[PDB]
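Here, each number is a calculation from the coordinates, and none is a lab measurement. Backbone-built Cβ (ideal geometry, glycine too); neighbour counts: all protein chains shown.
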Amino acid sequence: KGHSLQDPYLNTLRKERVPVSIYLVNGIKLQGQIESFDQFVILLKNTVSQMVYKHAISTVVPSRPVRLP
Amino acid sequence: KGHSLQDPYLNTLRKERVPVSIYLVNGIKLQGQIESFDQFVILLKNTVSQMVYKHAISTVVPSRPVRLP
Amino acid sequence: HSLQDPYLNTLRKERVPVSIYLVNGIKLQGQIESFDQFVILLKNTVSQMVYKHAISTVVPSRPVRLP
Amino acid sequence: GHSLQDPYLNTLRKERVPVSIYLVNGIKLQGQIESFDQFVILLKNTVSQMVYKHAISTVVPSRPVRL
Amino acid sequence: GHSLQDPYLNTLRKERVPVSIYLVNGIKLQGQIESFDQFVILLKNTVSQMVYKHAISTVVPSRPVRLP
Amino acid sequence: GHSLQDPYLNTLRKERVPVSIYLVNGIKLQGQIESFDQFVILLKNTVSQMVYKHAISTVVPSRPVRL
Amino acid sequence: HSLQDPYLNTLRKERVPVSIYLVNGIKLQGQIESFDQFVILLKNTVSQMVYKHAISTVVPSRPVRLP
Amino acid sequence: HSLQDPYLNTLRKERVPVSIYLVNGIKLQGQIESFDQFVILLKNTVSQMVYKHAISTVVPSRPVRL
Amino acid sequence: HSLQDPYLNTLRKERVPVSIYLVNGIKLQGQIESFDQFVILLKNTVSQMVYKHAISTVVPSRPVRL
Amino acid sequence: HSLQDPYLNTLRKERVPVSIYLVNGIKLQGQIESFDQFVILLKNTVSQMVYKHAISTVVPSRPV
Amino acid sequence: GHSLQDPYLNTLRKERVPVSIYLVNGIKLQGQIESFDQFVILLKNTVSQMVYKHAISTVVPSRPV
Amino acid sequence: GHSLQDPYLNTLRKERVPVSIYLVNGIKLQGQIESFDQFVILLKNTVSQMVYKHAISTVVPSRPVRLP
Amino acid sequence: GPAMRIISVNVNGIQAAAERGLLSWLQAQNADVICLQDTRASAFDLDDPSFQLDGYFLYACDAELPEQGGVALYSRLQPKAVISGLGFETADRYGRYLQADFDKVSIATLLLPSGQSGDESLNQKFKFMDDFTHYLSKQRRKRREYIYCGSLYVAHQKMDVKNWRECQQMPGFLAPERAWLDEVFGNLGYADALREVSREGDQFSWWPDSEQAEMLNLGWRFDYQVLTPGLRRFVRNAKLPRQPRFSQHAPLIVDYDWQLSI
Amino acid sequence: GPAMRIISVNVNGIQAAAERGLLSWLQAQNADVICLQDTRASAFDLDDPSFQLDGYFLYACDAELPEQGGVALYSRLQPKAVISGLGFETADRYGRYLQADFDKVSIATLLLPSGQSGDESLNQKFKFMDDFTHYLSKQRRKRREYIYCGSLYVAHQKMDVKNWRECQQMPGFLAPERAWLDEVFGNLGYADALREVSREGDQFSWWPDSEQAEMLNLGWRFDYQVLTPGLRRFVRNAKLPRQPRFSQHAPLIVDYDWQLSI
Amino acid sequence: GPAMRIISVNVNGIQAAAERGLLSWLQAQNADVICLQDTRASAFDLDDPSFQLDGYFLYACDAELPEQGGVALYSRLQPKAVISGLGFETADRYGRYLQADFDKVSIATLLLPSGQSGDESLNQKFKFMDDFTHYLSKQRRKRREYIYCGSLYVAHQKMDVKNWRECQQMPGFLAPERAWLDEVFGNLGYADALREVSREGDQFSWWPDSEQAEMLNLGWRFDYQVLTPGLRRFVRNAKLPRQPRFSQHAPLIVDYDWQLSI
RNA sequence: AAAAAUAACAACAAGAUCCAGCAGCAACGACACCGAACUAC
């Protein structure tokens, strides 16, 4: 109901190992591949895996073109 | 959940492919058509599959006037 | 929503030029075209959707009387 | 929930206490609480503004008023 | 939930520990917690503050309050 | 349990790895985690504090951890 | 004073949320209430007063143009 | 010192419990008993002489104006 | 001020991005817009006012003659 | 002027132990045998000439 | 009021002695003194940098003068 | 203007007392006062060191000295 | 090239302008935006298609008392958003302000009361100026540049008025008004449009009803294209044509290198 | 003493350069971060142990087509964060950018297209430069400092090449190329490294494939160590050791005073 | 009317200009004072009545060598006093300054070294600029309005030179020269006469010997009429006629409404 | 305790209550301070 689009997109970005770029409400632009996700959290990779919270994210732009069926 | 204006407004903006312009709460502007929408995210096709989170969106200024069904 | 809905409905029916201040601090002057639980469409040249979770306050430029 | 917010706002509304509400962005709104409802408060000083609760940070009445 | 948010708050309430509330905008409130609700936390400074919970960044008690 | 946040936080607390939580405001809070539940992640650095989760942006451990 | 006062008085008239970085590395926020030749005043809730011998820098939040 | 003198005098007369933060970081608490060029006598149960050249700021605690 | 004034003026007119090391260790970067006997103006996205009595050193990013 | 000099004179005439806390954070003990406008002598165990600028505060050991 | 500072600094500058200026914050600067003023001095360890007097603590000459 | 610093320094110089200068930073230097002034003091060591007045916190003679 | 032509004019009543033929001449002159100060008609009156031109949009703010004032504004493309307000009591009551936003540029149809009727009008004008000084001091912070196409009804320098010795006491030229204009155009930095493109005299925009002054060329400059210092460099040409007189004043066409867009 | 050495050598095929001894030559020489360009392979090929250097972490952002380009970094200590892609189409598609942030500085690795392959390559180079000038104008406002290991494939000044007259027609020396490269080092402020510590001619990095050109030393300076002015003071020394010669480009070695610390 | 015309024409040798007909053209071209510079001849040579015009006085100051430099000056009426000194080795030794005084107005024939001859010339030019900025800062105390007829060999802004993208490296347009010229017209308060009345490009006053640049109009503006802010308001018009050119530079003719007098 | 120097004043009744908004800072000087002396940011 509430994840009909948010979950498949993140799953496709994770499986294909796409180097996405996340934008926080603070304006910072975090970089790194997505390792996992949930209803309120996303685990980045890059040099050191760090946690990010959904309520703090604004836009998740994929560096390379992503294809989600 | 039964949105009388958000759902149909976004659906009409998507079907007609209007150059929507999303102003985020951070204060930055994003330009590009609306590819898809969900209860918590919006995919705008500005030559990429960018996903902007709902809670981070402040306004959705359309480029041309749309007919609200 | 015992008072938000009547207030917004009165502001819409009276067509008073309202000014919405957002959480970011920007001002938006316009008229309430149609509102809902999460949106308050403006009416200034075009229809501009404004999210509820981003509005700081609504200032009616003209005094309004509650219903 | 909200077992302490409603009775604390009812006292300010009945006693006509001048409150200085603080928005999240840091801007202040001085005035008395004319009415309050779920996710909305009415502040009438220079104009009947409608301040959203999700945008309020503190409500200082500048006077020891407690039920 | 709130299995932890209640103990650490009711303790500071009953013990009257001077707490410092850091908000999300940067300003710092000071004082003792008079009574807290699921949505609001009333301070006991010189004037009843009433600081909302959705706009509080951190709550750091200056005294090492025990965690019962 | 039935999520990724809870196991990760449990591992962080059990291993006592120094984490550097970054708030939405942009400021950080150096210190390790002591106990979490919901809307709270107690930090124990030089003075015990209480973050509210909803005001947290990222939790960056100072050493790689595997859930 | 050829360039000090024209800046502080400008900040005062314009009410710019200025951040003052002291010499010991501590930061303060607020607007200049009434600057003097030795001490400056802040417009925070407490109206703090900072001497002009322990202030290292004064950075405004918005760019101020000298008149 | 157009506003410093009257401000300190108002803080003294009203016996305001000010908080003087020095430059090194340590804070002192106590009402202002008197002040003069490069000196402030803070008296609150015990008397102390804090030099102004070492004081960084003075938080009046209570909303007090000139 | 036989060296302070000409040096600051040369650094200003040429718009050399200078690095000002304060006393507490932290360093600021930017060109000198204007300077006074007790205040310098740093332009680096925010026209900030640094105090002379708080600056420790001022290093130009590139060599400058006199 | 109206406070520093009389206060130091009272501290000296009474021979009260005076704790001079410097801006660096050190607590110097002793009595003010004499005082100047720029330096204060604190003698009790060894002679000392603490400069004025380096003095953060000066607390007496008993009421004066 | 500089009967002892000015001659010493002038000698160190003329003789081109690599002096080390220990500041108040504990940092140890180096380089030759190019030109000194009543409130500022100039060093050239790598570039012409201006050190403020009120921030200087001691000036150790690398060679006895 | 001062009348207590000049004689004290002149005594510490002429008596050649091992002086210890502790600066505001929190360090220690040792040596004899070779010359003084309104803003500088020369200290004898492996290399003569010019210590500024505004940076000096305390000047302790290794032995007690009497004022003139 | 990117030639943005702004045409500011004081119609002194849309009825007289339509009677004399202002609409046709204005439509003939190629321009991106046209400001009409002092409409003296309600918004519903302007709704008539007679005033609506082809390829231009109809915007207007009407005074509380229609005859007391009112301003209009047409543009070639739908502006971002119209701001029919100012904040002060006088402006909100007499609808003497209307703004149109564009890309990093916003045009304002300012209108200061002439103050030529009586003493109350002069007092209202003094209040409006003492408030607009604060308004301009506030707008001095935002990034977007502004273009106030306003009939200030105040001459600035002698170049704007001939026989200044005689008009030293006529409203619109006294000492306080001159000082206010010099401060707004000097202290604040709002450089004028004419004094930067053509620093010549005899460029009058106002003429008394008496035909003697018209024949003698005795006129005052009241219209002004006040430009933020950011736009000063974008000025090219500005000439006041008096032969197409359609009201007490005359148009003030000004071409800029800046190009507007939604 | 405190020093930080950085190597920048365009290998144009890590396989060939390694077979010639690039890997061993680098491992034997002391260095902190090797910012090589043009991998000509995929990130997996770099991940192989034959490519890795003992004691140096390896990162890479391969191109859409292996032979078309690619970039790879060799860090000695785990950087703060690695960023792949520059935002442009030609940048993200052909993997011509990879940055590794440190405590303050953030060494990058840029690889512009050659352009000598054909007119299409020249147009791609012009487009990428027109985008990168804007990227730099946007980047010069942030606080932290950068050290681009860019292979601009464009000479800066005449002194950077011998017989500049005949090169007026060959790519890499055209008028717009020189203009862009001088503007990047002009108003933007991004100083240089090689021509900042030793302003002597006869120093080049690139050499044609013809051995005769190498004997005559008719080369161009294509490998640049662009660095924000904040670091121009920390530059200590530079070198162009052409003796080994591992590819068509000569290795560019530099040493600064800034001490990286993760 | 009270018109005052001044002509500044660099000749690069008075012999060539006199052969091309500069003497007759000046005698015909009505003016008050001709700021001709770069005489390249001694005083005994200028004394020749062949150069002396009718109705115009003659003053000249040469260096130790006639060809090393020197500057001359004509005038309608006998100036109050002439002075051939500035106080700098780079000015007196080269005879690059000569000033004539009328009622509270001083006209100076300034001549900066080209610098294109070599590196030593560029160093001498930089020294002369660093000394002249100080001289100006010292002269701000006087109340006399100054009219420096300068051949600065430096272009101020982009409009002052065509194809600046290529000229950013050639002498006469580098960063320090631009900064100095902006400081002269900036902090010091001085303002150029030509740029005051005509704020348009393509108005150049120098072209290389190659006729290609002349055909393409690729030139600089190496001639300025620097005016004290007191005289900034009296600038009526300025012109740079290129067709009647007698050397690399073109006559710069500035007319004011000021009326000089003995 | 001293303008390395006013090509020169038809003249001194007189000196000791909220940005119609940036394709967004790998992160804000790490948040408003958390009382016997030891010499690189």
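The table for this structure:
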| read-out | value |
| --- | --- |
| Chain N, helix-only ellipticity at 222 nm - DSSP H runs n ≥ 4, -39,500 (n - 2.57), divided by all residues, nearest 500 | -7000 deg cm²/dmol |
| Peptide H:17-27, shielding by other chains (average Cβ, 10 Å cutoff) | 4 |
| Chymotrypsin sites (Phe, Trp or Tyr not before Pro) restricted to chain C and DSSP loop, no more than 11 other C-beta within 10 Å | none |
| Per-residue ³J(HN,Hα) for the stretch O:209-219, Karplus 6.51 cos²θ - 1.76 cosθ + 1.60, θ = phi - 60°, Hz, x for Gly and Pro | 5, 5, 5, 4, 5, 5, 4, 7, 6, 6, x |
| Where a label projected 7 Å from the Cα of H:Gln37 along Cα→Cβ would reach, residues of the stretch J:24-60 with amide N under 17 Å | J:36-39, J:52-53 |
| Amide H contacts under 5 Å for N:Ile147, placed H, 5+ residues apart | N:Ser106, N:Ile107, N:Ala108 |
| For the stretch B:41-69 versus the stretch G:8-40, the gap between their alpha-carbon centres in whole angstrom | 41 |
| Cut-off under 5 Å, modelled amide H: who pairs with I:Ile32 long-range | I:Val16, I:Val18 |
| Cα gyration tensor category, rounded, prolate or oblate, for chain H with a/c compared to 1.5 | rounded |
| Residues O:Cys149, O:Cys35 arranged by fewest to most Cβ contacts within 10 Å | O:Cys149, O:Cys35 |
| In sequence order, calculated HN-Hα J values of the stretch M:24-40 (Karplus, 6.51, -1.76, 1.60; Hz; x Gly/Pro) | 5, 4, 5, 5, 5, 6, 5, 7, 7, 8, 10, 9, 10, 8, 6, 6, 6 |
| Label 7 Å beyond Cα on the Cβ vector: O:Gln212 copy-to-copy distances, nm | 2.7, 7.0 |
| Residues with amide H under 5 Å from that of C:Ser56, placed H, sequence gap 5 or more | C:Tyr21, C:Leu22, C:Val23 |
| From phi via Karplus (6.51, -1.76, 1.60), per-residue ³J(HN,Hα) for the stretch F:52-67 in Hz, x at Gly/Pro | 10, 6, 4, 9, 9, 9, 8, 10, 10, x, 7, 8, x, 10, 10, 4 |
| When the convex hull of its Cα atoms is projected in every direction, mean area for chain B (nm²) | 4.4 |
| Filtered chymotrypsin sites (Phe, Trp or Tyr not before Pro), chain A: DSSP coil and at most 16 other beta carbons within 10 Å | A:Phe40 |
| 7 Å along Cα→Cβ, label-point gaps from O:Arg20 to other copies, nm, shortest first | 5.5, 5.5 |
| Alpha-carbon centroid distance for the pair the stretch O:23-92 / the stretch M:1-38, whole angstrom | 57 |
| Rounded if a/c under 1.5, otherwise prolate or oblate - the stretch O:206-262, Cα gyration tensor axes | prolate |
| GNM result for chain N, Cα springs below 10 Å: residue of N:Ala108, N:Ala175, N:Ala100 fluctuating most strongly | N:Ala175 |
| Chain N: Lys pairs at Cα distance under 25 angstrom, eight or more positions apart or on different chains | 14 |
| Per the axis that maps chain M onto chain N, nearest residue of M (Cβ criterion) and its distance in Å | M:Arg141, 12 |
| Where labels lie 7 Å past Cα in the beta-carbon direction, separation of N:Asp202 and O:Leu65 in nm | 3.0 |
| Residue order, fewest to most beta carbons within 10 Å, for F:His2, L:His2 | F:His2, L:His2 |
| Tail beyond 16 Å, pair distance distribution of chain L (Cα, percent) | 42 |
| For N:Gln259, inter-copy label distances in nm, listed shortest first [label point 7 Å out on the Cα-Cβ vector] | 5.5, 7.7 |
| Cα gyration tensor category, rounded, prolate or oblate, for the protein assembly as shown with a/c compared to 1.5 | rounded |
| FRET efficiency, 1/(1 + (r/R0)^6) with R0 41 Å, evaluated for N:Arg144 and B:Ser21 via beta carbons | 0.85 |
| Largest-first ellipsoid semi-axes for the stretch O:4-256, taking √(5λ) over the Cα gyration tensor eigenvalues, angstrom | 24, 21, 19 |
| FRET efficiency estimate (nearest 0.05) - Cβ-Cβ, J:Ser34 to O:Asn187, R0 56 angstrom | 0.60 |
| N:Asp130 versus O:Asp103: modelled label distance in nm, points set 7 Å from Cα along the beta carbon direction | 6.0 |
| Filtered trypsin sites (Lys or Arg not before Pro), the stretch N:159-243: DSSP coil and at most 14 other beta carbons within 10 Å | N:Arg165, N:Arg199 |
| Candidates M:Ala213, M:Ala41, M:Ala191: whichever shows maximal mean-square fluctuation once chain M is modelled as a Gaussian network with Cα springs under 10 Å | M:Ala213 |
| Most mobile of M:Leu216, M:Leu122, M:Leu240 in a GNM of chain M (Cα contacts under 10 Å) | M:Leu216 |
